[PDB]
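Before any comments, here is the structure.
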Amino acid sequence: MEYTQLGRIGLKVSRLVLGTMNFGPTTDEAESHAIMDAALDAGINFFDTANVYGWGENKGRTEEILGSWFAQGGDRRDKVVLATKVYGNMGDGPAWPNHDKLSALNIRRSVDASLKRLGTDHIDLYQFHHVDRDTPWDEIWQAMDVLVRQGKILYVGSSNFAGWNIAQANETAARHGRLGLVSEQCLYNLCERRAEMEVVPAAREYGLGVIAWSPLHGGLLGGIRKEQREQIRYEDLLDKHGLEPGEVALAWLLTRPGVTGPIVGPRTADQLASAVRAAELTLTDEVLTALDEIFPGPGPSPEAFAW
Amino acid sequence: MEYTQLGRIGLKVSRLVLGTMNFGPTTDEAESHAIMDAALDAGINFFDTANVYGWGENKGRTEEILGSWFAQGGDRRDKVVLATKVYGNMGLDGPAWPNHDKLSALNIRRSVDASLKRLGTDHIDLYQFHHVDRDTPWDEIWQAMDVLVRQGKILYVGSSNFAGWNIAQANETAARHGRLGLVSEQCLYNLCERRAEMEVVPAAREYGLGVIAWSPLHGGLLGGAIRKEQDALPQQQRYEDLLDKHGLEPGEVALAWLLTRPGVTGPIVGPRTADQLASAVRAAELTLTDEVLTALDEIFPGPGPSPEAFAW
Amino acid sequence: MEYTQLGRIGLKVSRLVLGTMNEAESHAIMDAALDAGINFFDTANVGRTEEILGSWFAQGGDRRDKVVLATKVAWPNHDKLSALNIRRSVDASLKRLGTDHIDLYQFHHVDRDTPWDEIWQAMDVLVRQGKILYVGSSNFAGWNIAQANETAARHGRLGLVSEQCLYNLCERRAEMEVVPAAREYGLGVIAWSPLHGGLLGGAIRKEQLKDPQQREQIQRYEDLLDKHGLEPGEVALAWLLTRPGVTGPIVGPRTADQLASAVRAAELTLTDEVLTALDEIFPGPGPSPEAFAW
Amino acid sequence: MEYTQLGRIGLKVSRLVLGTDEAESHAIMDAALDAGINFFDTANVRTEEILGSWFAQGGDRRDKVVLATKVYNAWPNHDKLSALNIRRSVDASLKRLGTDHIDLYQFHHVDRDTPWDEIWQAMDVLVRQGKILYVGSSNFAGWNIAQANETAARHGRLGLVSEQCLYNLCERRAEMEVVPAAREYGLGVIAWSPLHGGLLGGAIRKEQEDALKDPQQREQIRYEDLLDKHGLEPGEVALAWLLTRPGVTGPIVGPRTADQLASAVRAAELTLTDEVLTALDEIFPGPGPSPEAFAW
Amino acid sequence: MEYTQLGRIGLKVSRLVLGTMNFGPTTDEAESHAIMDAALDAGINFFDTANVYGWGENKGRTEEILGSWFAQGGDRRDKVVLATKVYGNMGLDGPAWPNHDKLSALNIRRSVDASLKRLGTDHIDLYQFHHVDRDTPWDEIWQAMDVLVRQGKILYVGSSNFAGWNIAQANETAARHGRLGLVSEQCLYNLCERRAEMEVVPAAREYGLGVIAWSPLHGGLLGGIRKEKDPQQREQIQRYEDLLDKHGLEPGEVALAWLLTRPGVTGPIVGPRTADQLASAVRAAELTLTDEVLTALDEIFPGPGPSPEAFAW
Amino acid sequence: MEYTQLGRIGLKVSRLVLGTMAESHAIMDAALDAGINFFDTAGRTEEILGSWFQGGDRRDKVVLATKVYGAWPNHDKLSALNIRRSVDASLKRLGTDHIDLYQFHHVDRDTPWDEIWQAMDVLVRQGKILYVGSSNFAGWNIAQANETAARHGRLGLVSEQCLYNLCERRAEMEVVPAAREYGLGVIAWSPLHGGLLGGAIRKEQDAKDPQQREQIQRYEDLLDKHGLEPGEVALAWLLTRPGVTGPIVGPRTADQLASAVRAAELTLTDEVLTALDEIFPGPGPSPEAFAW
Ligand SMILES: NC(=O)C1=CN([C@@H]2O[C@H](COP(=O)(O)OP(=O)(O)OC[C@H]3O[C@@H](n4cnc5c(N)ncnc54)[C@H](OP(=O)(O)O)[C@@H]3O)[C@@H](O)[C@H]2O)C=CC1
């Protein structure tokens with residue numbers, strides 16, 4: 001298992017990040033637990049969840065499933081970097097005022113509900129699930145600082161931010177000796193590469209980790225075999241090279257400059273073992289060039305659209 | 001029900017603010033609760049109170065009534081943006097024992113603790129200065145407020161009855177050291193009294209505060225007083241006849257007016273009864289047309305911003 | 001001659017400010033101002049006034065050295081407070097004035113479209129080139145003063161040292177917020193049109209602008225001063241000199257007599273009953289929020 | 001002639017930006033002045049020396065324009081944004097322009113190798129000498145605008161006041177990040193190449209006498225037909241559209257004839273209908289802001 | 001009873017400060033309690049104590065006595081501004097164990113915890129440094145105090161026995177990081193000893209500190225010979241006793257009342273053993289000294305005024 | 001010649017400062033050759049130094065100290081206005097393009113430190129001035145001034161000139177402790193107390209008072225008892241005090257200079273110091289001086 005620093009900070013994390021979205025909705029509590037135990041045995045120390053995970057009326061169930069996993073003892077809590085999220089409505093449909101988004105009010109009520117479901121007295125990485133254009137950064141950093149100084153959270157990360165939101169966030173934190181965002185969780189994969197224009201550049205300038213969510217573009221790059229689509233040629237290129245598609249999509253992300261790693265979302269213990277193999281592939285220079293021609297990326301702005 | 005950001009901050013509030021000063025001294029506990037439950041159903045999430053509401057010997061009774069409202073559960077506390085105030089003397093009226101009114105750190109500490117206990121909650125969402133205290137410096141005030149912010153006992157700080165230059169001094173002092181400044185100003189603003197337009201509202205708009213107008217009916221005067229001779233206040237009627245003309249109620253139009261004023265978050269509506277609430281609710285969605293505004297403006301001329309309002 | 005510090009700063013100025021009048025007769029007035037001990041000269045008028053001061057300094061004899069010189073700042077950017085307009089205005093002013101520095105350089109009016117970091121950029125360029133010493137405002141709201149000086153203090157800069165506001169017996173609404181702000185932040189207050197355009201100069205007696213009930217209060221005014229043997233021109237000035245935070249009024253004498261009167265107004269002590277009576281005739285609003293709430 | 005504040009600052013400019021032999025340009029600058037255009041830019045659609053001699057004719061020409069120039073695409077330190085190149089480039093520009101100050105001094109392109117404390121040192125030397133009033137950018141990413149202006153504010157310096165970016169009906173990707181950042185930070189947005197090098201100024205009709213070679217490209221350039229159906233000229237509608245976009249100060253126009261000037265002036269006066277806007281949007285789709293543009 | 005702001009801050013205090021040094025070592029618990037209820041009845045809201053008050057093996061007795069006073073309910077705690085001190089050795093007199101005196105963050109933590117426990121309250125209003133400690137840097141002291149401010153354990157910080165430049169340095173250092181600095185200096189100031197006027201009081205006034213005068217009677221030396229050292233100093237006590245007999249003034253009341261005329265002075269510490277001494281202090285507050293008396297007092301007891309003039313020009 | 005860092009800064013100065021009163025030029029050149037580099041004007045004095053700056057690297061070898069020179073409003077005191085006019089007049093009179101140590105003549109309680117530092121920073125940034133010092137300040141004025149400078153990255157006061165000698169030791173209460181905390185050099189002005197400590201009684205052969213004659217006599221006798229000249233001992237006493245850079249001295253001949261030089265080289269005995277301390281006791285620091 002390969003380890004890296006999470007951007008500029010002192011935290012070391014596995015280059016595979018255990019996504020937990022499926023835990024509860026598509027995978028039951030006991031199988032969720034055994035996937036997590038198997039991640040630990042594979043050296044994966046970095047678990048991503050969110051409050052809203054679970055579905056509809058069962059929002060929070062994923063957090064509860066991790067909660068009962070930690071409750072089994074065995075140094076499970078001590079061993080994981082636990083990451084969750086705040087922004088979402090925990091109620092489905094339109095929200096009551098201040099029960100979503102990033103007001104100090106919603107942050108205060110969200111983190112308490114999360115800590116209670118997770119059965120733990122602290123979150124290691126608390127992440128904004130999305131940018132909230134209506135909350136100013138002095139309000140956001142005030143709320144996060146309350147939680148940091150109480151020992152309730154350690155680090156703060158973003159998800160689905162623009163590059164300039166990362167800049168504004170971290171410049172604002174630094175001005176008053178706050179540690180700013182330590183990571184951005186962004187949609188990045190072979191099919192969708194527009195994060196290269198500004199998000200990954202800003203994150204690397206500011207020393208954020210980059211965690212790629214939906215690394216398989218929600219299954220689309222993990223093998224039609226179970227059946228614009230010309231591209232998904234990829235499959236044929238891999239049949240030719242004897243490479244499994246889910247593995248290549250993951251390993252490809254591990255080659256991208258500044259990417260901490262993908263968030264893997266395995267339903268099964270076997271889907272996990274597949275991801276673990278993906279961290280050990282070494283895609284050849286030939287395969288890289290082909291994959292580039294099938295799935296071109298814009299590269300950084302302003303060149304992506306100008307010169 | 002219309003919502004807006006409270007000035008520049010992430011907080012979303014109803015453009016009607018439930019005033020509560022009648023809960024206790026005129027309206028009783030069980031009915032106060034009925035009004036508040038009615039406001040929630042109307043989508044009103046923003047409740048204003050103070051420590052001093054209850055009057056005379058029953059100062060703090062209103063805070064206690066909201067306390068028992070929350071104690072009934074049903075997500076009442078969780079759904080409400082709870083605002084109260086500090087500054088007022090909480091002992092029997094007349095001259096205060098020193099540091100038992102105004103805005104020393106000493107009084108802020110004793111007041112918030114007494115309020116939280118009466119309100120039966122662990123935090124106030126918006127804690128407001130009830131008035132400016134010229135004798136307390138902002139480094140002292142922000143120290144006190146920041147202790148409360150970092151313990152999780154308050155989220156936001158707001159002002160009431162400030163001068164525009166007090167708002168600037170407050171927020172520039174907060175910003176210099178990281179702190180979120182004032183997020184709202186509660187000022188006296190209606191058709192009769194528009195001098196908050198000279199400086200208080202421009203300062204608030206510059207600094208990104210929400211503006212909450214208290215006494216939106218100038219103490220009844222604009223809620224059909226002439227037609228209820230069937231405080232005292234000469235040349236202080238054409239208003240009523242213009243509304244009788246146009247087929248509008250006096251109390252509804254006074255509120256609908258403040259809602260068109262630039263930078264105004266909304267009025268503090270202070271119903272004694274349930275139908276007076278629903279009357280406020282109708283005012284929220286009322287639409288004053290270009291013509292009646294011009295008329296109302298002609299009857300109640302405003303000064304507009306300083307220095308123009310007295311100079312050029 | 002009565003002196004005060006200009007607000008919080010170390011500059012000492014006469015409590016009479018010599019404004020602009022209407023070439024050889026201006027020079028005579030300015031020399032007589034000097035000999036009366038007036039050292040604070042302003043070009044206050046909401047091009048040639050600067051030139052007249054400049055020809056005054058060319059005579060030598062320590063006229064520039066003895067004087068605190070104060071001045072102020074349509075085709076786009078030829079008005080208002082952009083850094084661009086500020087540079088072109090000061091350059092012209094320095095050429096018209098025939099001096100290499102302005103002592104107090106004032107904004108004419110609040111410009112709600114220029115941010116304070118742009119304004120202080122432009123002012124700091126001039127300060128550090130030695131072309132200006134201090135900065136003041138005119139026709140600001142109270143909160144503009146607070147904003148301006150809070151922004152200045154953040155980066156070590158001396159902020160506004162003076163506000164020039166319309167302030168006289170008839171118009172007292174500067175007392176609501178402008179003067180309190182100015183006192184909080186230690187700005188000198190310079191009262192413009194102290195006589196209210198002549199209206200308090202005893203202009204019923206000169207009849208041998210405004211006349212509904214403004215007339216009645218001006219009559220009750222002249223009458224009171226008749227009954228006390230005090231000149232109307234003198235009293236309106238001396239009243240401002242009793243107001244907390246006021247440095248002094250801008251006076252523009254064109255004759256030796258008008259100067260001599262202003263000088264007498266500075267040495268005039270008004271009794272408590274005069275003041276109580278002027279206050280009855282000419283009520284002030286007091287400070288916000290008390291002026292209009294509690 | 002419509003004026004706007006440049007971004008958040010107190011400078012007012014014409015919403016047309018006058019970009020770029022000696023006698024011909026000297027004459028059309030004088031007519032731009034007379035049409036109310038005060039914003040003169042040395043970006044193209046020796047240039048500085050032409051402007052130089054124009055001022056040299058007296059007549060309050062310098063006093064009436066906002067002058068905008070750029071740092072000069074190789075010997076080390078003769079390109080890019082080191083303090084060294086800034087010093088040699090501004091000095092050369094002031095001599096050429098025959099003036100003692102530039103109103104807007106712009107960067108030509110983000111330089112990833114120069115840190116912002118070095119750039120602002122250099123700009124600040126020039127600000128404090130009176131040599132420059134404001135600083136602007138060209139071809140930045142959104143986050144470069146954020147980092148620059150957050151670095152300037154930290155030490156009391158005014159930051160970037162403007163960004164000049166490629167923006168027109170055909171290239172709307174400045175709308176993802178560059179334009180939202182500019183708006184957050186109060187930069188005026190100056191649209192460079194507003195007619196896409198010619199393509200949006202009746203290019204198909206002008207064939208009856210770039211790459212129209214690709215079939216999907218020319219099918220969009222439907223635009224000409226829509227404008228015929230409403231009786232509007234393309235060279236004008238391309239400019240007027242940009243003037244409706246949030247945050248845009250104005251486009252850079254390079255008129256040479258009286259007719260190009262008169263037509264530019266008309267485009268600044270043209271109010272387009274919601275129907276045409278909606279119609280132009282269907283043809284020329286915008287990406288929306290990030291992260292919505294590609295995530296949610 | 002006359003009130004004033006404590007320097008520049010919003011706190012309003014009586015111009016008489018109740019000293020408690022006698023509560024425990026001479027006055028017993030029960031009579032102390034009666035003097036404190038009597039002080040409250042006179043409108044005196046400002047109570048000064050110290051950890052070391054009690055002397056010898058009984059250090060801390062005074063704080064315990066105020067603690068038992070608060071425990072009697074009746075809004076006693078809620079009505080006073082409670083001030084105590086840190087710096088002093090709380091063990092056996094004679095050289096302290098290292099870090100058991102002075103102003104280390106270590107000694108500040110243990111002293112405050114012990115004071116709060118003895119005082120039987122969760123917070124002190126004014127926590128004062130009993131003396132300057134030149135060995136502790138201000139970034140350490142303000143860290144220590146800010147910890148207590150943010151826990152709600154103290155509100156305000158004050159000094160005692162500082163030099164003027166210590167006041168400036170402390171507050172400049174606090175202001176640098178948004179901390180309220182010292183709100184008050186408790187300095188030795190009275191008729192025989194006016195050298196605080198040189199720099200201490202000018203510095204306090206510039207920085208907006210309250211000035212509280214301790215030893216207001218120079219240890220009884222200005223409270224009346226008539227109950228009976230250096231011949232040139234007994235000389236000036238006689239001229240002072242002689243002058244107040246002539247005007248029918250009690251020397252105890254004038255020494256206090258004189259301090260209330262000095263610019264920048266909040267008020268004196270009055271330290272009663274008995275109820276009659278307290279009533280006497282209250283009458284000292286109501287007294288209006290005449291210009292003749294002030295000018296004669298000044299004639300007897302000259303001050304230096306401020307530096308640099310006091311020694312140069 | 002003994003040299004020292006001036007307070008905390010990198011400038012090295014002689015522990016003798018050359019105060020002021022064609023003959024002048026000669027004693028200045030003599031002082032140079034004696035190794036004295038620190039020249040202090042403490043008008044006209046300035047005009048004379050300017051004519052000296054004849055060439056021969058004269059300006060280049062000296063640390064040139066002057067004063068603000070402090071009536072018509074704003075022709076005294078420390079407003080930005082008066083600072084600008086005094087410095088310009090001083091640079092013209094001194095015939096040089098920069099002053100090394102520009103000093104305030106007194107504390108001005110009416111000018112705030114943000115105004116003062118604006119004026120000095122202007123001058124610093126134009127290269128007209130390198131360092132700023134004070135004269136006749138209180139300790140807290142030093143503290144306030146230097147805290148205000150440092151908040152904005154400005155070098156603060158680097159020296160205080162205070163009245164300091166055996167007779168008048170009250171600078172030790174607070175002025176000298178503040179100076180030492182903030183790393184200012186202390187320049188002792190009037191080191192002989194107007195002439196009283198330079199053998200005044202034997203010159204008899206300002207103060208009739210028998211209490212201070214008493215004191216001078218015990219000093220003069222003690223100096224005969226150990227065969228030491230008072231004009232030298234009064235200088236040498238100050239050079240032993242903590243934080244003292246050195247005294248100002250104004251020798252007019254080859255022979256007075258050479259007595260100054262010897263005072264700077266003379267070690268005083270611990271016995272003579274204990275004896276000088278008994279005759280001329282010091283107040284000690286505040287608050288101990290008057291509290292505990
Ligand atoms: N911040 C945000 O906005 C969001 C963040 N996330 C985070 O990122 C994580 C990943 O998102 P998700 O969409 O699940 O990611 P993927 O794109 O990896 O989708 C996972 C799915 O792909 C298939 N799959 C998983 N592992 C393998 C494998 N090793 N080989 C082949 N196929 C495989 C399975 O689909 P099948 O059903 O066919 O078996 C599985 O359910 C989440 O768990 C969450 O923590 C995700 C979405 C939103």
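Every number for a ligand or one of its atoms is a count from 1 in the order of the listing. Lettering follows sequence order; numbering is per chain, from 1.
Note on ligand 1: A/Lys85 sits in its first shell, one or more heavy atoms being nearer than 4.0 Å. Heavy-atom separations between A/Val264 and ligand 1 are all 4.0 Å or longer.
Ring centroid separation for the pair A/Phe23 and A/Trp55 does not come in under the 6.0 Å cut-off. For an aromatic pair to be called close, the ring centres must be under 6.0 Å apart, and D/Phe140 with A/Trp164 fails this. Checked against the 6.0 Å centroid threshold, A/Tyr126 and A/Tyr155 do not count as a close aromatic pair.
Inclusion of A/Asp48 in the set of residues having an N or O under 3.5 Å from an N or O of ligand 1 is warranted. The shortest N or O to N or O distance between A/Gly218 and ligand 1 is under 3.5 Å. For A/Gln271, a nitrogen or oxygen atom sits less than 3.5 Å from a nitrogen or oxygen atom of ligand 1, counting backbone and side chain alike. Between A/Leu250 and ligand 1, a contact under 3.5 Å exists for no N or O pair.
Of all atoms in ligand 1, listed by their number and element, those nearer than 4.0 Å to a heavy atom of A/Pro215 are 15 (O), 16 (P), 17 (O), 18 (O). Atoms of ligand 1 lying under 4.0 Å from any heavy atom of A/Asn22, numbered from 1 in the order shown and given with element: 41 (O). Annotation for ligand 1: atoms under 4.0 Å from non-hydrogen atoms of D/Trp296 are 3 (O). Atoms of ligand 1 found under 4.0 Å from any heavy atom of A/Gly19, numbered from 1 in the order shown, are 43 (O), 45 (O). Shown in contact with A/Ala275 at under 4.0 Å from a heavy atom are these atoms of ligand 1, numbered in order with element: 29 (N).
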### Task
Give the C-alpha distance, both sets of side-chain angles, the deciding distance and a yes or no for ring-ring contact (aromatic ring centres under 6.0 Å, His included) between A/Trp69 and A/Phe47.
CA-CA 12 Å; A/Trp69 184 69; A/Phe47 285 20; 5.2 Å; yes

### Query
Would A/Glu63 and A/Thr84 satisfy side chain to side chain donor-acceptor pair (under 3.5 Å), going step by step from the backbone distance to the final call?
CA-CA 8 Å; A/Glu63 273 178 340; A/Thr84 194; 2.7 Å; yes

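At a distance under 4.0 Å, no protein heavy atom can be found next to atom 35 (O) of ligand 1. Protein heavy atoms are absent from the space less than 4.0 angstrom from atom 38 (O) of ligand 1.
Enclosure of atom CD in A/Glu244 is not indicated, since only 12 or fewer non-hydrogen atoms of other residues, nucleotides or ligands lie within 6.0 angstrom.
For the ring-ring contact (aromatic ring centres under 6.0 Å, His included) with A/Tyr87, the lone residue among A/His129, A/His130, A/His99 that qualifies is A/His130.
Between the side chain of B/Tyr3 and the backbone N or O of B/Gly43 there is at least one donor-acceptor pair closer than 3.5 Å. A distance-only check finds no donor-acceptor pair linking the side chain of A/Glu171 to the backbone of A/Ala173 [under 3.5 Å].
At the shortest separation from atom 44 (C) of ligand 1 among protein heavy atoms lies A/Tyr53 OH, 3.2 Å. In this structure, atom 21 (C) of ligand 1 lies nearest to the protein heavy atom A/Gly265 O, 3.9 Å. Looking only at heavy atoms of the protein, atom 1 (N) of ligand 1 is closest to A/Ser159 OG, 2.9 Å. Here the heavy atom of the protein found nearest to atom 32 (N) of ligand 1 is A/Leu216 CD2, 3.4 Å. Of the protein's non-hydrogen atoms, A/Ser214 N, 3.6 Å is the one closest to atom 11 (O) of ligand 1. Scanning the protein heavy atoms around atom 30 (N) of ligand 1, the nearest turns out to be A/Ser274 OG, 3.7 Å. Taking atom 42 (C) of ligand 1 as the reference point, the nearest protein heavy-atom neighbour is A/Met21 CB, 3.7 Å. Protein heavy atom in closest approach to atom 10 (C) of ligand 1: A/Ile263 O, 3.4 Å.
Looking at A/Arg267 against ligand 1, only its side chain comes within 4.0 Å, counting heavy atoms. Counting heavy atoms under 4.0 Å from ligand 1, residue A/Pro262 does not touch it at all.
A/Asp48 and A/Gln127 are linked by a side-chain donor-acceptor pair at a separation below 3.5 angstrom, with hydrogens and angles left out of the test.
Judged by a 6.0 Å distance limit and a 45° cone about the ring axis, A/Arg77 is positioned over the six-membered ring of A/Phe70.
Proximity of A/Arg229 to A/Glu235: side-chain heavy atoms (C-beta onward) are nowhere separated by under 4.5 Å.
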